[PDB]
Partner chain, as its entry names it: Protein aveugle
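Read the single chain below, which is given as structure tokens and is the form solved without its partner chain.
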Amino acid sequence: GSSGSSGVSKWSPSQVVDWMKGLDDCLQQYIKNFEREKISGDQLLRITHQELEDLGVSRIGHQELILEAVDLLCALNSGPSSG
């Protein structure tokens, strides 16, 4: 095609919000911040402690909670996609 297999990188700023809806309950209060911040996939895939802090996530156990989940979003992409 153009490069290979990429989807989470082109995730809309509103789509990412739906993802948090299926994560830890502690990462819910942050959702309200992700909606106004319009966090796009291109940013999520490259999300860092600094970014999370901006949204409001000051805690540590929570900052990693989301990251640990992101690792799966990338690990699933690199793998075999479609049939």
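Residue numbers count along the first chain shown, from 1.
Below, we refer to the form deposited with its partner chain bound, which is not included among the displayed structures.
Three-residue candidate spot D42, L44 and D54; no residue lies within 4.5 angstroms of its partner chain in the entry with it bound by any non-hydrogen atom. Interface membership of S58, defined by any non-hydrogen atom within 4.5 Å of its partner chain in the entry with it bound, is confirmed. Remark: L73 does not count among the residues lining its partner chain in the entry with it bound, judged by a heavy atom distance of 4.5 Å or less.
Within 4.5 Å of some heavy atom of its partner chain in the entry with it bound lies at least one heavy atom of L65. Using a 4.5 Å cutoff between non-hydrogen atoms, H49 counts as a contact of its partner chain in the entry with it bound. Residue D24 is the only one in 8 to 37 with at least one heavy atom within 4.5 Å of its partner chain in the entry with it bound.
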